[PDB]
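Below, each chain spelled out in residue letters.
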There are 2 protein chains.
Amino acid sequence: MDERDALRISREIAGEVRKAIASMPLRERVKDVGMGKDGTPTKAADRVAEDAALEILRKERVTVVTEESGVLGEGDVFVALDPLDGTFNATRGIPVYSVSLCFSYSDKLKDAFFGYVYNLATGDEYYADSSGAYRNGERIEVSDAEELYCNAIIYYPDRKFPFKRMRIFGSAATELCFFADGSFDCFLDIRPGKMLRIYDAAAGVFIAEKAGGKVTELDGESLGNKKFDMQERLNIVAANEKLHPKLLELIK
Amino acid sequence: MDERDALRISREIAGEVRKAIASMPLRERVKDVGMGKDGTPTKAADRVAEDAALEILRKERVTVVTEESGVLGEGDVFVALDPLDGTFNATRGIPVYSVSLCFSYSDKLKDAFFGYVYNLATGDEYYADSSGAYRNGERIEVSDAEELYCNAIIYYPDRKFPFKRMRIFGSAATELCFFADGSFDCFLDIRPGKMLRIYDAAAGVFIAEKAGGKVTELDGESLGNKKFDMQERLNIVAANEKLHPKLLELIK
Ligand SMILES: O=P(O)(OC[C@H](O)CO)OC[C@@H](O)CO
Ligand SMILES: O=P(O)(OC[C@H](O)CO)OC[C@@H](O)CO
Ligand SMILES: O=P(O)(OC[C@H](O)CO)OC[C@@H](O)CO
Ligand SMILES: O=P(O)(OC[C@H](O)CO)OC[C@@H](O)CO
Ligand SMILES: [Mg+2]
Ligand SMILES: [Mg+2]
Ligand SMILES: [Mg+2]
Ligand SMILES: [Mg+2]
Ligand SMILES: [Mg+2]
Ligand SMILES: [Mg+2]
């Protein structure tokens, strides 16, 4: 498979998922319908999203690792799929939620070759391949902020910080893209419990890196060895080259 | 002037402001074009919104209290106007920003008779009059959550809190309505510097009160005496009757 295919497949999937979610009233969306292989509940919105996505994906030589249904398939290409990220927002009609896809030649993020995050409420399309990072077809790049006094997306603040702004939107996949296009200066998930899962962050990280960002684990450790499995968890410190180590110092 | 008038005026304003912002490219929206009477910079997006609003508003026998142009007019009905709340989200194409109007028979919040908050990105219309609180025409009400382990919007968290989720969206006017329709369980702005301004919160508070919420200042004291002037500042603690005092203890 190549990044050209990944784009088509992803775009095809975005269409069906967007269509499914939009046609579903909020009353329905918010209903708990099952237990997810990930160990959290599967809302109805999660379900109709995943089933739409899977039906397109199965047809490929991939191993899908997805939030509600767990690990599916045998293919040598691994696909980290959050069928619906920001599920909570979508149940309340809050317009920040996305489908997220990260394609990789192995079960490790270091071998990622395509990232896709598509805002299902606005139609904003983020992706990245070897040619760079895009938002609705246009090249993007992170910001050049040098001072800690910046615009931060941070899960979760637990003390007094020096940021200009803090925001928490509820879709890590989308929020990493907000950082990738430079809307925010950094993205931090520093929650002690290590909460982010591979399908939440993979596409977002890849897109953010191609956009020029430095994206690491909690102590600067590279993320290259993170696995496309259900047990994997992540902290993330993401910011441009200059700003990044200043942040690593700050949360120490 | 009556609550039916304010509805019409508000809708007329919403339309013209929605139009002005939509036709403005992000590159233009984000330019600083002046200093607001509020003491924070007026973005181009703020300016085009306010000019659109004032155009309609100053045809009325009102005193307008607005973010960029300050106190205008001389009528006996006071109008707290945030021509554009969530201005930062608007300059990044992040879909959580609104126009906010509160109409009052005196210069005090206790004499409010109409509240209006229109999400300029989604077209979701929140308002409230004597007949209750509405979202796109449908009645709304707050959540019956009883435990501190709930869904919170909190500016800004600075310690370990017991909430289920925390979110910060960047539009206090809109987020007050998220609480009012029960999307979230509580809204807290407990920033020690007292950052919120009259036009940021007035409409939101009214709508939330008309929807069953208890909405107070930091210590539980009534907000009824808060003034429609530029000098006024607020902390907010909003939750349903049960949850509310539990929150009051928590933040001491
Ligand atoms: O069921 P909800 O939508 O909460 C969603 C999360 O449990 C989903 O993982 O409603 C609010 C409370 O969390 C429920 O008691
Ligand atoms: O536990 P959270 O505070 O909130 C969870 C809800 O957003 C579930 O949809 O953070 C986790 C998010 O799911 C990460 O994208
Ligand atoms: O859009 P900004 O200019 O972004 C901050 C940095 O890029 C400036 O150095 O900040 C917004 C205004 O300060 C709000 O009043
Ligand atoms: O973190 P902030 O300083 O706080 C904003 C509050 O006044 C709520 O509307 O964000 C500032 C931006 O100017 C916003 O558009
Ligand atoms: Mg998800
Ligand atoms: Mg997720
Ligand atoms: Mg989920
Ligand atoms: Mg404003
Ligand atoms: Mg404001
Ligand atoms: Mg402003």
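Residues numbered from 1 in each chain as written, not as in the entry; some residues may be left out. Chains lettered and ligands numbered in written order. Heavy atoms only, no water.

This entry lists X-ray crystallography as its structure determination method and reports a resolution of 2.696 Å.

In the nomenclature of the PDB entry, chain A corresponds to Fructose-1,6-bisphosphatase/inositol-1-monophosphatase from the organism Archaeoglobus fulgidus. One UniProt comment on chain A, placed under Subunit, says "Homodimer." In its Sequence similarities section, the UniProt record describing chain A reads: "Belongs to the inositol monophosphatase superfamily. FBPase class 4 family." (UniProt positions renumbered as here; feature names shortened; annotations may be inferred.)

Section: the coordination of the magnesium ion (ligand 9)
Residues and elements named next belong to chain B. Looking at the metal site, the magnesium ion (ligand 9) is ligated by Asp-82 (OD), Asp-85 (OD) and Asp-200 (OD), spaced 2.0 to 2.2 Å from it. Mapping the donors of the magnesium ion (ligand 9) onto the primary sequence yields the spacing D-x2-D-x114-D. Taken as an interatomic distance, the gap from the magnesium ion (ligand 9) to the magnesium ion (ligand 8) is 3.5 Å; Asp-82 donates to each of them. Of the two residues, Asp-82 is situated in strand β5 (residues 77-85) and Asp-200 in helix α6 (residues 198-209); the sequence distance between them amounts to 118 residues. Its relative accessible area of 0% is what places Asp-82 among the buried residues. (Donors = N, O, S within 2.8 Å, 3.2 Å for Na, K, Ca; no water. Helix = DSSP H or I, 4+ residues; strand = E, 2+ residues; numbered from the N terminus. Buried < 20%, exposed > 50% of the residue type's maximum accessible area, 1.4 Å probe, protein only.)

Here's the deal with the pattern of salt bridges
A full pass over the atoms with the stated rule returns 35 salt bridges over all chains. The shortest N-O distance in the salt bridge between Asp-38 of chain A and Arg-197 of chain A comes to 3.0 Å. In this pair, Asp-38 of chain A is assigned in the loop between β1 (32-35) and β2 (41-43) and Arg-197 of chain A in the loop between β13 (186-189) and α6 (198-210), connecting sequence segments 159 residues apart. Owing to a relative accessible area of 15%, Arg-197 of chain A belongs among the buried residues under this scheme. Across the pair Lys-242 of chain B and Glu-146 of chain B runs a salt bridge, and its minimum N-O distance is 3.8 Å. In this pair, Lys-242 of chain B sits in the loop between β17 (236-239) and α7 (243-250) while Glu-146 of chain B sits in the loop between β10 (138-139) and β11 (151-155), placing the two residues 96 residues apart along the sequence. Each of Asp-38, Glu-67, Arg-197 and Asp-200 of chain A takes part in one network of salt bridges that share partners. (Salt bridge = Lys/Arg side-chain N within 4 Å of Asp/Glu carboxyl O.)

Looking at the sheet that holds strand β9 (residues 132-135) of chain A
Residue and element names in this part refer to chain A. The 8 strands lie next to each other as β4-β3-β5-β6-β7-β8-β9-β10, forming an open sheet whose pairing is mixed. Each edge of the open sheet is held by one strand with a lone partner, namely β4 (70-73) and β10 (138-139). In this sheet, β9 lies alongside strand β8 (residues 125-129) in antiparallel orientation, the contact comprising 4 bridges. By the bridge assignment, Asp-129 is partnered in β9 with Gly-132. Relative to strand β7 (residues 112-119), helix α5 (residues 172-180) is tilted by about 105 degrees, and along the sheet it contacts β5 (77-85), β6 (98-104), β7 and β8. (Pairing = 2+ DSSP bridges. Contact = heavy atoms within 4.5 Å. Axes fitted to C-alpha atoms, helices over the stretch in contact; angles between N-to-C directions.)

Some points on the relation of the copies chain A and chain B
Of the transformation placing chain A onto chain B, the axial shift is 0.0 Å and the rotation is 180 degrees, giving an RMSD of 0.1 Å. In the structure described here, the two chain copies are related by an operation that fits a two-fold rotation axis. Here 92% of the contact residues of chain A are again contact residues in chain B; the copies associate through an equivalent surface. (Least-squares fit on C-alpha atoms.)

Let's talk about the domain arrangement of chain A
All names here are of chain A. Here the domain parsing of chain A yields domain 1 (1-138) and domain 2 (139-252). At the interface, 46 residues of domain 1 touch 32 residues of domain 2. Across the interface of domain 1 and domain 2, roughly 2900 Å² is buried in total on both sides, 68% from carbon and sulfur atoms. Together, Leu-109, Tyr-126 and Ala-133 form the three largest contributors to the area buried by domain 1 at its contact with domain 2, with a combined 20%. At the boundary of domain 1 with domain 2, the tally comes to 3 salt bridges. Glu-67 serves as the salt-bridge partner of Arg-197, at 3.6 Å between the closest nitrogen and oxygen. Put simply, domain 1 and domain 2 have 12 residue pairs in polar contact between them. When contributions to the side of domain 1 that touches domain 2 are tallied by element, the ones reaching two or more residues are β3 (62-66), β4, β5, β6, β7, β8 and β9. No other element matches β7, which puts 7 residues into the side of domain 1 that touches domain 2. (Domains from an automatic or database assignment. Buried area = accessible area lost by both parts, 1.4 Å probe. Polar contact = N/O pair within 3.5 Å; in protein donor to acceptor, adjacent residues only side chain to side chain.)

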